[PDB]
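To start, the structure itself, in structure tokens.
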Amino acid sequence: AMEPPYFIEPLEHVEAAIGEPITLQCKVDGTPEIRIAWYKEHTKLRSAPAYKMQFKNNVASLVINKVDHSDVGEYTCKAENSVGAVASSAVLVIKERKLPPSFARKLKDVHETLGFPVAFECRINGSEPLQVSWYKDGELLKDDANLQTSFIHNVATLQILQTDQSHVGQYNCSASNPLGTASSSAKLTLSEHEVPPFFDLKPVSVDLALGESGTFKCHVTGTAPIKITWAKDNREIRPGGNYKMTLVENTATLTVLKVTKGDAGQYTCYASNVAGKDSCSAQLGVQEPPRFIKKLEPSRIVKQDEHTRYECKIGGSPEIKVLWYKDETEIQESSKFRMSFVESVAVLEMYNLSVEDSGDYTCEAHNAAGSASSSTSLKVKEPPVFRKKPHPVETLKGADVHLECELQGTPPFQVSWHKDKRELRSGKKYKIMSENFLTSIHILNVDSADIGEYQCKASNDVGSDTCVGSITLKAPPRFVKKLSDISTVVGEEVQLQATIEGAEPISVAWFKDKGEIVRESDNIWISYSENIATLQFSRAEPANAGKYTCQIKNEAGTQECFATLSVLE
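With the first letter of the sequence shown counted as 1, position 420 gets the number 417 in the deposited numbering; the numbers rise by one all the way through.
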């Protein structure tokens, strides 16, 4: 400060190896903003692919990326600042070296195979002319039809086209230039040609059916002899049973004779020779028709207007199908005939049952090569129902009374008649009868014991009913108030009256001294209303005096009473 640049370290003479990058340099101090230019005196160097020039710290450096004869000569570095300039020159010169032979790495041993080519090889550095000689044992090797050697760009080789037991042994490779000598040896060994086994033809997985036989068929190639063995489901297959194995000229064949259920699975063939092994695998798929695990129950019975759930258990081969057959006719999927197949469960859920849903039912599942069925027998019945309630019977004694009930439902029925908790059997007194839709009993020659209520129970396999019919006794006619006497003044009104009781079909009769009385309206008006009879006289008079007999008269009997009208004059 403040100066023209200057050299701490100037350019110096350099010896560079050809083909490799050199780096020239010098240190320069001085006033800031120093700029260096490089030269071959008679020329300024410009930067480029070949030249890499820098100036970090106070060191300026030219980097020749690869040295060649053109780079030899005189170089100049010229530092400049606004005050002045310095320049230092030195010379780049080639390292003109001369070296004896030398192997880069030992002659590697070779371990190839009889009857096949082999080649030794190594790199050898050193000044040309380099000579190379190969020796097996102590004999020098020469190129003939089978032995070949090269040596170029510093790489020596030794090739044997078809190798031979004779070639086994140690090989020496010695180089030499007029500067000295190098050498490496290595050994040749040869093995026999073995082709590891492989199956050129793989066997096919088949889906066979129970019984019939089939075959797995594969082919192997490789150096004989190839030992073949089989193994179904990872267990060596041995001769004698359902499996038979043959093999002729490398073609193995495993035949399953009578395909049972237990022949399904993985069949693997195993080949083996001195130099390796292989194996291939097929698959026997045995098809099992559907079989009934949990069948339907033979028959069943259900009430009308109900439901029931038939359910089946089916198994076998994959992709199964259930089809229900009501009397051989396919069963649709409705609210009437429900269905669902899920993991072996064939359900038929029937809602709103009735007499229409009777007869037979078959469950039909089928598959790949099978189809068995389970059939059942339904029977939807009608409960007993006493239609009419037999109007009560009111009868007289000694009479037979026929009592009957109206019946409807599903026959046959279980009819019973009871009176006062006693069961009545068709004896002398009772005559019970039970037909298709008809029930009744005959009570003969009715007495007081029979007066009462009769109870009828009908029932079948599903339901039950109680019918009721009564036997009332028909009451005779009786006088609640027998006629009484009367006596009026002539011209005055009279009313002979009695109050009557009994069975309502009643008939009154008016008499007078045995003479059948009429009802002329000069005064006479004969009647009967609301249980009272009146022989009226709107205007009494002589002759209207004497016996008057009233005779009430229904079906259970007759009774009478008289009364004397006395007309006082």
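Ideal Cβ placement from N, Cα and C applies to all residues, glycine included.
Supposed contact pair residue j and residue i - C-beta distance, whole angstroms, cut 8 Å
i, j, result
"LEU96", "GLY135", "With a Cβ gap of about 28 Å, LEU96 and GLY135 do not count as contacting."
"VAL253", "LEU281", "6 Å"
"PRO194", "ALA268", "4 Å"
"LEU345", "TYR307", "4 Å"
"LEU293", "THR373", "4 Å"
"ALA172", "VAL129", "5 Å"
"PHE113", "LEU104", "Rounded, the Cβ-Cβ distance is 20 Å, inconsistent with contact."
"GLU490", "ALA537", "7 Å"
Those residues which DSSP pairs with residue i across a bridge
i, result
"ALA495", "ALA530"
"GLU490", "BP columns for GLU490 are empty, so no partner."
"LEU251", "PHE213, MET242"
"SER181", "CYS170"
"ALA366", "BP columns for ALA366 are empty, so no partner."
"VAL56", "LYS24"
"residue 621", "Lying outside -2 to 566, the shown extent of the chain, residue 621 is not represented and no answer is given."
"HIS399", "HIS439"
"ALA206", "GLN284"
"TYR36", "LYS41, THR73"
"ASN270", "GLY273"
"residue 568", "Outside the displayed span of the chain (-2 to 566) sits residue 568, for which this structure offers no information."
"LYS300", "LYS378"
"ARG94", "DSSP, once it has assigned bridges, lists no residue as partnering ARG94."
"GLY512", "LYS509"
"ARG102", "Bridge partners of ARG102: none, in fact."
"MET430", "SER437"
Contacting residues, own chain, Cβ-Cβ under 7 Å from residue i (five flanking each side not counted)
i, result
"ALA542", "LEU562, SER563, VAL564"
"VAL486", "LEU565"
"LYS471", "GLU391, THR392, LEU393, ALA500, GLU552, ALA553"
8 Å Cβ cutoff met for residue i and residue j
i, j, result
"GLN411", "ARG475", "no"
"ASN239", "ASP260", "yes"
"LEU404", "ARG384", "yes"
"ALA455", "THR469", "no"
"residue 578", "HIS39", "Outside the displayed range of the chain (-2 to 566) lies residue 578, so it cannot be described from this structure."
"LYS310", "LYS323", "no"
"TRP507", "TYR451", "no"
"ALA369", "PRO286", "yes"
"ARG102", "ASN151", "no"
"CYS74", "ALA57", "yes"
"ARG288", "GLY312", "yes"
"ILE91", "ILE19", "no"
"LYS258", "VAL283", "yes"
"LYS376", "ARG297", "yes"
"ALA553", "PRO473", "yes"
"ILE529", "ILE497", "yes"
"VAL80", "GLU12", "no"
"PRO126", "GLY177", "no"
"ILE33", "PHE4", "no"
"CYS170", "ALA142", "no"
"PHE196", "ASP140", "no"
"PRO387", "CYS402", "yes"
"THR407", "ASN364", "no"
"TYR72", "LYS37", "yes"
"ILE514", "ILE549", "no"
"residue 573", "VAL459", "For the chain, the structure presents residues -2 to 566; residue 573 sits outside this window and is missing."
"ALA272", "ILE317", "no"
Contacting residues, own chain, Cβ-Cβ under 6 Å from residue i (five flanking each side not counted)
i, result
"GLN145", "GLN156"
"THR305", "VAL299, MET347"
"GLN167", "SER182, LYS184"
"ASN270", "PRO194, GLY219, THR220, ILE223"
"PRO2", "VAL25, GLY27, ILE31, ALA76, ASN78, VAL83"
"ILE328", "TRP321, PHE334"
"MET430", "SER437"
"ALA249", "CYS215, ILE225, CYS266"
"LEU480", "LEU493, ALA495, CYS547, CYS558, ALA560"
"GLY367", "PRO286, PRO287"
"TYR525", "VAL505"
"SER413", "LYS454"
Neighbourhood of residue i by C-beta distance below 8 Å, restricted to the same chain and skipping five residues each side
i, result
"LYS425", "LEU441"
"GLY211", "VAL203, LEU205, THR252, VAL253, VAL256, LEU281"
"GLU233", "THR226, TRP227"
"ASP65", "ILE15, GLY16"
"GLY262", "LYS229, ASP230, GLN280, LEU281"
"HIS164", "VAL115, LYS133, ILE157, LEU185, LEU187"
"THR160", "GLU109, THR110, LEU111, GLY112, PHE113, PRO114, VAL115, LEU185, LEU187"
**Request:** Could you name each continuous alpha helix (DSSP H) segment of 4 residues or more that falls completely within the region 462 to 488, going from the start of the chain to the end?
**Result:** none
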